[PDB]
Amino acid sequence: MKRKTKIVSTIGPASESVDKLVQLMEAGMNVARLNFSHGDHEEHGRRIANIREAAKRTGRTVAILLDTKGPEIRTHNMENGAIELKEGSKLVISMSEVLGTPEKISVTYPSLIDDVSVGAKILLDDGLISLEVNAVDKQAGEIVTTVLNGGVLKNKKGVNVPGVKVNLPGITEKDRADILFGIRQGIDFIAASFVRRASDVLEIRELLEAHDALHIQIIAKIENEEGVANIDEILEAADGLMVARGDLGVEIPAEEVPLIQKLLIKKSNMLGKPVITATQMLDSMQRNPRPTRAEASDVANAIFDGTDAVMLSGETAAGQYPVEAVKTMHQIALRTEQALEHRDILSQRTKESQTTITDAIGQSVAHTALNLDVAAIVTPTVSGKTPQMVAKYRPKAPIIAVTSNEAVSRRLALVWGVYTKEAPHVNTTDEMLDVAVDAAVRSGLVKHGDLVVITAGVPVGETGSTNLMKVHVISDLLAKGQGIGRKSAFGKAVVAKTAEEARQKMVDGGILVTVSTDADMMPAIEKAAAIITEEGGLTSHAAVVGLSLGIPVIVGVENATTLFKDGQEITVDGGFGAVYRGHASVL
Amino acid sequence: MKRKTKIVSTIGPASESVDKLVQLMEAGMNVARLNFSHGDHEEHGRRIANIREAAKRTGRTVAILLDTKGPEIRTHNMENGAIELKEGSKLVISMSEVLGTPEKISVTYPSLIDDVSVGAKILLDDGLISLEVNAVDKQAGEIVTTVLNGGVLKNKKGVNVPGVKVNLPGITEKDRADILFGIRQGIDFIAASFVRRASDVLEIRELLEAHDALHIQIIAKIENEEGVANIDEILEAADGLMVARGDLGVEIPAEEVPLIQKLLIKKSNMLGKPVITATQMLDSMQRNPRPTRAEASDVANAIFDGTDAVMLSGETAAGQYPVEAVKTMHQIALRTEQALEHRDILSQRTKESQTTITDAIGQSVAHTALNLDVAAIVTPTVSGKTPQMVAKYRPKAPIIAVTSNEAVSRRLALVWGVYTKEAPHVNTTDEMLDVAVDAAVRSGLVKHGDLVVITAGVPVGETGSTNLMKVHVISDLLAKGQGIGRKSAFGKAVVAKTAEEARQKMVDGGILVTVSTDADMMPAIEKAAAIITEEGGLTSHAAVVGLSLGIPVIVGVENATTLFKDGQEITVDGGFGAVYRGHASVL
Amino acid sequence: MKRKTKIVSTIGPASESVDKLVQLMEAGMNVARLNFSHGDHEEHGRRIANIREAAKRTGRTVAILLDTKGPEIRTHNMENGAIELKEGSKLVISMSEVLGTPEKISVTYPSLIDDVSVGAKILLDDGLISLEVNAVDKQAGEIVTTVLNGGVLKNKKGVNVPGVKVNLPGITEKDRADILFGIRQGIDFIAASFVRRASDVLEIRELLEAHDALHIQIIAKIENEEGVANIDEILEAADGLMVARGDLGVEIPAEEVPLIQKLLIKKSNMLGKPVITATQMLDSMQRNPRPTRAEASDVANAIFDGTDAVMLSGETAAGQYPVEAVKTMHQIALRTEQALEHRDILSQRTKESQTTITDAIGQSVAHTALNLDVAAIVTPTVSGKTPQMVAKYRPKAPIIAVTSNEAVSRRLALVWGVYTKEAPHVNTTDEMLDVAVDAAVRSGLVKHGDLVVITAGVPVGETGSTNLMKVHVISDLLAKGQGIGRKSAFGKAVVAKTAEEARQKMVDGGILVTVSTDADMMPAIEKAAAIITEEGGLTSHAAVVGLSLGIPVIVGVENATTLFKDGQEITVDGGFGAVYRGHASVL
């Protein structure tokens, strides 16, 4: 049993050491988030360096996500300290730097007055104190408002404008430096803050394209209404999504966010692109060893909603119980996951799914994995397409993605139910198949007799559509011969050359192994789950009896009575006529 | 569009006035909860009295729920003030009243030592400070423990014992007085606190039976592991359930509660018995006009889980925004409900449902209501069985329960999607049917042409199984004749006796009303959605044309050209041959 | 469109020439039946020889079926000529050769009296005249009976005994010689007449095993109640089945046969073993060019029942319109087949199917072939297992089985919807895949843009379970680049380097091929189904526009404007980023 939903942790003072990181990783951290809104390139440079060292101290794959600072409209200084503003006040905002006073403050987006409408609402201090756009002196360039939910307003607080769509083309000067730095550093992900439209995503793509770093995934962070309204084009342009519940609650009424989160997740789910649920996860855990009923409930639900990953912020960045937050986050996932209705999800995703070859194979893989209750879905992959695609169908069986590039493995560190593994790049179908079978065996997730569904796209050496599927039995072929009938059975071997041995060693459900049977062995035979004989042909006593009793029989197995020993767990395949090691309930 | 999930509000200083109550009711309060853990019979007596007066000031049906105090193990006095206890301390609990000190305190359940095991865990002060059962001196009767999550411990704090099953047979002396008082008062519900087993429920039933007040519903409150473990027998014995998330988090680890809540709700859902989600709903609203993203999220999810009702405590009992809490609670319900997957729920409930006549009719009603997209499911009822049953199938269409007893209406005030109405008790099927049709019309939920599914059990004058269903068109029969064909259509009437009128007044999709048609009217006819003629027989020009063009035609309608006027919205029923007022898309 | 149900024709005087055979084959004969109840080894030897010569004159695969004579109880001579016997008569049967007279005749199964019970029924002259077993003088060995449906009884007529189970162990002396002769001759099939139990099938198997000719399929012919009663063990032992309606009607009441035929076919269908519907097919066609409404109806229904093949007897053996019988048989199949409910059949076979790997792949193949409406299901096969298995699911798409042995091809000549083709034996998955793709192309059944589902079992060089599936697009890859978006489209190419060319050559739905787009090309762009550009990167004008208009775009296609020409039918794959020849509706 393995956790499906991935864990993303914000790195900080409480989790920047190598030993700390070594711990976060062992607790289950899949992605390390770097918040570039704070700290300098030297600090992140060292954190990054440590992630990699802890990643080696342990044999864990951890991706690096760079959360940028992004655009935002802020306020200037409030005369020496802070202003007041009551339930009224004549607060006028100037589109020019002015010393903020109870009457006139200023913002950093002179384009505001050229976007905000009358009666509109402006929020400051992350939404604490709000305003009402009374008049708009377009002339002097001063948006007149009346203080609403007043309070204390210090220097440089957040300016939020919900209703209007703000335009801040191009990436910050700062974000640009951060990005390039991230490229030099070789990060795996980039969470773009305050994405409102597809173009914000394209800008980062263009930049990555210009520095030959297209390998870097772009996660669009939704933090306002525009971003929520443009979600379709945004997802269509980005590589993933981050749902920041806290930021949303700033511009959007609380009573509306819940369905928004659920809607944003489903949309990502339908596109098969990773989605991260962030902020207000286990906040209380910065001070406490355990979370609140509420927090456990909110997290559990983000998982039922379909989130690929959950994110920790201050809980791992500065809190007092970093490793614990990851641990409970881990335990919360395992517990909720047992409640997942896999058949249903598959059915829902099949519907609402576009008619494609990749999707037809994915659905076939997902359905087969369920009906046969396979031990695993293995996916040798070039760039990770097949694994991500299969993950979309939210399979019960683990997805073992076998990459030939460590960076590709990290790309999958964020994907639901995907555990990566590396192997030499293969170019022929039989190689990819062998590599898949090998990975499954090493994974420790399969025992002889178990089944795995291997899926991938051929060519195989190239990335592309998923168009091939194979069901593969793990067990070894012990021997073969002429199989009689069409069924299969397993049980424990009972070597018996003579009737006397047959009647003394044969137990109920045993697999009789002998040279040949005859009328004197009937009693022992009527207890057998199957029969293996060295002798006989298609009409020998063992075959005839097998047909009449309806039990599998394999005839002509060379040294059957010497290569199989008492008590050996084997599977007798009547149709095809083969013996396998261990118990295989489906063949 | 109507809210489905019912709202339960705890009455208190902030909501005890008549004007206040008049407000809570208009905001959507369905049930008024009386917490008997505080206050005396005179106070509740007056609150009850006010509910009834506010209930009359408005035309609202509000049920009265009595939340009892129930059993619980408490601690005695802590020497004058309070004790300390650190991460260790030698805290010994005495099964006898002793002056609590940092070394020896006492409880009020001397049967404790005869239930608690070694290494067990005891919590005090609602779970704040916990202990570890080191030794158990069964001799001197002193359970030895070592203080764990220490803190300050004042007088008479809560003693919680999670692991062990406490036995407190019979109802408190206090609960008994409260119950009887509730009976005298004529309450509708009784929420029994700390239900652990079916027997706790039986005790209240027995008492109600002994005072001839069996009409009173018993809502079992789950607040500990035992109650969670015994949920099946408890639900099987009680009339409803209350999931108290706060209490659970005291004995049960937070990370486990979420699935417990979901499990408790589903179990109630499957039995068709009302379930209330309580505590930690909109707590922050005691101080604020709006809730938190989290709170809105938790409530929304309790609704997706299937709760019939949500409960407000301090938010309406003592908070600063009572009427607002109810209002947001109302708005949160309406919004989440739009996201309900009605077909799916029905499908799930059909499965996991016992093969009964009542359930077969309910499923048929629910499926038909969905396929025909009916305006309402009306249920004349004697004791409320049919409405509760249909509610279990969580229909999109409103359920209009028509009772002949106001107390029965209040019983349904707690049920999901059920809006009651009273009418004289009927005893014949046609009376019940007429009463149902009447209720639907008054409800304001249906317009001419809409459909309603009426369901009930006959006899009808008696309560019992649900075994009858009828689909009924609301519209009035304007006229009849020989209908031609099998289809139906509506549109606007176009009275035209002559070809000249036909060609000047006929518009696309109109319903041609004339004495008879002929070759000269063809152009107008080829624009008609249907035709009505005073003349002709089954082979007249209008009928023949109707068959060939595939449009409905009704022949032999007496004064058709004078009783129908231009622009009148009507429906022409070819099969059966009838004209109805308004547009009826299904007949 | 190809006929699915195979046609089996009895060879004779009317169809033994090479030119005749050349004709039967071109009309659609798949299997040539040799009735060994008549003729000598020299005659069949020459017929066989001719089949092979006609088979070469044409490029057709025709299997050879040897219908044996089998056991049967007959009567001896009736004194010089024939006996009478009326509605009474004292007809006593002697278990010893006696001159048949109106009073005492004899049979050739002295074991009869030791099997028949009192009041039993004996039929003679293929069922014409029946008897009633009055007394059974076990002493003198004379079964006493009273003539029932009397008539004329000549020499050596058929003795049928319906009720009792006759025992005739071992194969006839005659059948044995025929079999061996068939082996020397190298026949493909052997239809064993009058199979009553599994043991009759084993005897032929044993013999084939002893002459190293196990490759030879055994078709069990059901012709009596025992065979009908033992159908399960019989099918479990044989390789196929022959339903002889005429023979059945001899021992079984006519009103019961219809459901028996349907039951025998379904049972074979469920095991995935070929079933032949025989006798009374188009009998009237021996004298007429066309069949009767009844005959066409009976044949059509045998097809709706699920028969893999239909068989012609005298219609091709001695009749006057051999080639016509085959032709109408062919036309009747094509017409009825259009009415087949493929989805339904698949659904039925999935249910009632054993949980196996082969069946899971088959169902997946069958479902995918249906959802994607593929042009064909190709199955490279070693012994024919995969094709037979897929045929069981009765696919709409043709099954192209690619064997590396001509004898295997003939084995499949009898299987529903299977058209064989030969190719060099391959041993690697990519070879088998390539061989499959090649076969599909040569088949003439696929055009560029079509899909085929290739399925087979790996190893691949060995026969065994079916465990691999691949969906493959037929079209050629014309070029590649960075695909933008996730969709695909086709249409006709429109090469336009400048805005002026774009606005003069662009038509609705066209695929714009250019160096790069810009604001001046918008009008042409808004008509495009897709865009191909030589230039740009992921954020160029063409890509951005493609994202916003929701149409596929492929960027960076090298000589796009010179390798694609006006009017060229191509498919643009946004996701994956590739261009294909022809129109491919699914990728």
Side-chain angles (χ1 to χ4, degrees), chain A residues 282 284 288 290-301 328 331-332 335-336 339, chain B residues 8 10 33 35 37 67-73 120-128 130 149 157-166 168 191-197 200-201 219-235 238 240-269 274-283 294-295 297-299 301-303 305-314:
Chain A
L282 303 174
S284 72
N288 305 292
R290 299 174 237 60
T292 295
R293 191 283 311 168
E295 297 175 322
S297 174
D298 198 51
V299 175
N301 279 304
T328 116
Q331 223 69 207
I332 287 179
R335 192 179 288 291
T336 296
Chain B
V8 175
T10 302
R33 171 176 172 265
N35 192 350
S37 254
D67 196 318
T68 67
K69 189 180 187 66
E72 249 178 324
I73 300 71
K121 193 170 186 176
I122 282 66
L123 289 62
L124 312 174
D125 189 5
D126 105 343
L128 201 186
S130 65
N149 194 175
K157 296 292 82 179
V159 171
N160 320 263
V161 191
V164 66
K165 11 203 169 187
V166 176
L168 302 174
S193 302
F194 321 98
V195 177
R196 55 257 154 241
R197 269 176 109 73
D200 297 299
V201 178
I219 301 310
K221 293 177 55 184
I222 314 303
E223 309 184 304
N224 78 80
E225 296 170 61
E226 201 171 358
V228 160
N230 294 150
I231 191 57
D232 296 322
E233 64 172 52
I234 289 182
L235 275 166
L241 204 196
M242 180 182 278
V243 170
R245 299 90 62 66
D247 301 304
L248 289 177
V250 172
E251 292 211 1
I252 309 172
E255 84 182 12
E256 310 189 15
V257 178
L259 251 44
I260 283 167
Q261 175 183 299
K262 286 168 191 288
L263 179 67
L264 297 183
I265 294 176
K266 165 150 276 290
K267 280 167 175 296
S268 309
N269 281 170
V275 56
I276 301 174
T277 302
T279 82
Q280 296 174 181
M281 298 302 280
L282 303 174
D283 281 349
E295 297 175 322
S297 174
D298 198 51
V299 175
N301 279 304
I303 294 187
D305 291 322
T307 189
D308 284 72
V310 288
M311 181 182 99
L312 296 166
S313 296

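Throughout, a chain's letter reflects where its sequence line sits, starting with A, and its residues are numbered from 1.
Listed by chain and residue number, B:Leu128, B:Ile129, B:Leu153, B:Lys157 satisfy the side chain to side chain contact (heavy atoms under 4.5 Å, CB included) test with B:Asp125 (two or more places apart in sequence, or in another chain). B:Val257 meets the side chain to side chain contact (heavy atoms under 4.5 Å, CB included) test with A:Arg293, B:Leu248, B:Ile252; sequence neighbours excluded. With sequence neighbours excluded, the residues that form a side chain to side chain contact (heavy atoms under 4.5 Å, CB included) with B:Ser193 are B:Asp67, B:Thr68, B:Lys221, B:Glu223. With sequence neighbours excluded, no residue forms a salt bridge (charged side-chain N to carboxylate O under 4.0 Å, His left out) with B:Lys121. Evaluation of the side chain to side chain contact (heavy atoms under 4.5 Å, CB included) rule for B:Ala309 yields B:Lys6, B:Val8, B:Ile276, B:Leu414 as partners, not counting sequence neighbours. Judged as a side-chain hydrogen bond (donor to acceptor under 3.5 Å, both in side chains), and not counting sequence neighbours, the contacts of B:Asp305 are B:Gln261, B:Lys262. With sequence neighbours excluded, the residues that form a side-chain hydrogen bond (donor to acceptor under 3.5 Å, both in side chains) with B:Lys266 are B:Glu352. Annotation: salt bridge (charged side-chain N to carboxylate O under 4.0 Å, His left out) contacts of B:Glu256 (sequence neighbours excluded): none. With sequence neighbours excluded, the residues that form a salt bridge (charged side-chain N to carboxylate O under 4.0 Å, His left out) with B:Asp232 are B:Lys267. Partners of B:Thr307 under the side-chain hydrogen bond (donor to acceptor under 3.5 Å, both in side chains) rule, at least two apart in sequence or in another chain, are B:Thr277.
Minimum heavy-atom separation, A:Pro291 to B:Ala254: O-CB, 3.6 Å. Listed here is the closest heavy atom pair of A:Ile332 and A:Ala296: CD1-CA, 3.9 Å.
B:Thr279 places a side-chain N or O within 3.5 Å of a backbone atom of B:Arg245 that can act as its donor or acceptor partner. When atom types are taken as modelled, the side chain of B:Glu226 and the backbone of B:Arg197 share no donor-acceptor pair closer than 3.5 angstrom. With hydrogens and angles ignored, the 3.5 Å screen pairs a side-chain donor or acceptor of B:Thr10 with a backbone N or O of B:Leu312. Put simply, the side chain of B:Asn160 never gets that close to the backbone of B:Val250: no donor and acceptor are under 3.5 Å apart. At distances below 3.5 Å, not a single donor-acceptor pair connects side-chain atoms of B:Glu255 with backbone N or O atoms of A:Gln331.
Test B:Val243, B:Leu235, B:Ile234 against B:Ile222 for side chain to side chain contact (heavy atoms under 4.5 Å, CB included) and you get one pass: B:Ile234.
Using modelled atom types and a 3.5 Å distance limit, the side chains of A:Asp298 and B:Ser297 yield a donor-acceptor pair.
Here the straight-line distance linking atom CG of B:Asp308 with atom CG of B:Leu241 works out to 10.5 Å at 0.5 Å rounding. From B:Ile265, atom CD1 reaches atom CD1 of B:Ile260 across 12.0 Å, with rounding to the nearest 0.5 Å. Rounded to the nearest 0.5 angstrom, A:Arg290 CZ and A:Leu282 CG are separated by 13.0 Å.
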